[PDB]
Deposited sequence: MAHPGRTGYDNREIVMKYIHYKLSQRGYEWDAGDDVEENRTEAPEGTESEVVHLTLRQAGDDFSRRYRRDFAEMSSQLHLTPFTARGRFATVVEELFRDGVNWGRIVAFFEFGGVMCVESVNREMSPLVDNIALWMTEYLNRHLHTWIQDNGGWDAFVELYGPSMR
């Protein structure tokens, strides 16, 4: 119906975060993916302390990742949604994927991509559509 699939925004974002570390191949039209990447890179520069704390406190394992993902996301959106919190959600998913590869649990990346897609589709999609859609995010933060 929308003409797009949020799974693609998730897959492209995770691919970019892994590629930045040399964890996935990338030699280095659509504007949403570039806008989101840039916003997330800036978010992690501004909130470097929160990023470093999140990157060392996760202690991810295959049985604990699901619960940790849900708990952090619930904390993130407890006071409501805005674009910055959506950018923070992608950055959090990125940290979970990078940590999963670091801990030799690369298959978890596919599960994290599914949980992010499901949360965007079921819990954030209404807010996004009510707030001008991805079009409004690009109008505010895009080139």
Enumerate the deposited-sequence segments absent from the coordinates, judged by C-alpha atoms, in order of position. 1-5, 34-48, 164-166
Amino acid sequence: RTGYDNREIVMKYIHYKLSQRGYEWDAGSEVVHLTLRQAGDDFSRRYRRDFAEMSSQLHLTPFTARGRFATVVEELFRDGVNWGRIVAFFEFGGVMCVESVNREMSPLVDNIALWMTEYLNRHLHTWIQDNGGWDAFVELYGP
From here on, numbers count along this sequence of modelled residues.
84-92 versus 97-105: which one carries the higher mean Cα B factor per the record? 97-105
Could you settle it for me: does 124-132 or 9-17 have the higher average Cα B factor in the PDB entry? 124-132
At the C-alpha atoms, which of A65, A39, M116, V31 reaches the highest B-factor in this entry? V31
Place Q57 in the lowest, middle or highest third of its chain's C-alpha B-factors, as listed in the PDB entry. highest
